[PDB]
Every structure is written in C-alpha cells, then in structure tokens.
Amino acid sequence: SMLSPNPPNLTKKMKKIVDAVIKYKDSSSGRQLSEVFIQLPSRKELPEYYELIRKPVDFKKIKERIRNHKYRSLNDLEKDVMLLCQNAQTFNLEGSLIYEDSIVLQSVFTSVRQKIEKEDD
C-alpha cells in the first residue's frame, strides 16, 4: 500500500527484475518470450482460460503490484511470476510454444533475480 511504501531500493530491484524478464529475447529466434503474457484476454474473449485457471495473472498486473507496493519482498514478486508461468503450463500442452516459453521465463526470472538481488554484494 502507498500508505506504507516499500524501501525504494526494493521497488527498484523489483522493476529491474521484471523489466529484464519482459525484455528477454532468444537470439536464434528473435522473439520476445514475454509478449503473449503481458495482457491476458478477458473472460468474454477467452472463457476457456477462466474455466481452467483459478488465479489468473499477467505481467500487466504484476507491474501494477510493484507500483502499488503490494509485493513486500522479492519472494512476493517471484510467487506471482511463477504463478503466471504455472498457469501457462496448465492451460497449454507440454512442448507447445507458450508452455515452453513460460518454462524459459521461469529460469530467466530466477537468473535475473540472483544477479539483481546480489548486485550490491
């Protein structure tokens, strides 16, 4: 809540981590793996997703939760990113493009978080 903000360095690290996850591009393919995950379609647009996924989330919402200080730790942020990817893996088949992209984005998050959490070490 804005009534009691996070320390500014935490907000800054959250933003740096999510920005790097969103910008990640495979070199061999050129594709920004996050693009399909920025905004989930609405219930009227993709009702099958909401029948299968109990807790929908997208990167648009994750960015809002950084800016509103809803996440109180990098762990809080990580839980939502991993929820997004697990949701993608539940709605899509193993080996499909969107499933596999979400697997890589999990690893990108873990790698980026390690670098940024320790950048003052």
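One-based numbering along the sequence shown. If you superpose the two forms and keep the largest set of C-alpha atoms that fall within 1.5 Å, you have the rigid core.
The stretch that strays farther, by root mean square C-alpha distance over structures and residues in 6 other deposited structures of this protein after a rigid core fit, is 23-31, when 23-31 is set against 56-64. When the other structures are laid on the shown form by the rigid core, the stretch among 81-89 and 40-48 with the greater C-alpha deviation in 6 other deposited structures of this protein turns out to be 40-48.
For the pair 87-95 and 73-81, the record assigns the higher mean C-alpha temperature factor to 87-95. With 5-13 and 101-109 compared on mean CA B-factor from the PDB entry, the stretch scoring higher is 5-13. In this PDB entry, the Cα temperature factor of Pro56 sits in the bottom third of its chain's modelled residues, the lowest group. For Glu64, the recorded CA temperature factor ranks within the lowest third of the chain's modelled residues. Among the modelled residues of its chain, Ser42 has a C-alpha B-factor that falls in the highest third, as given in the PDB entry.
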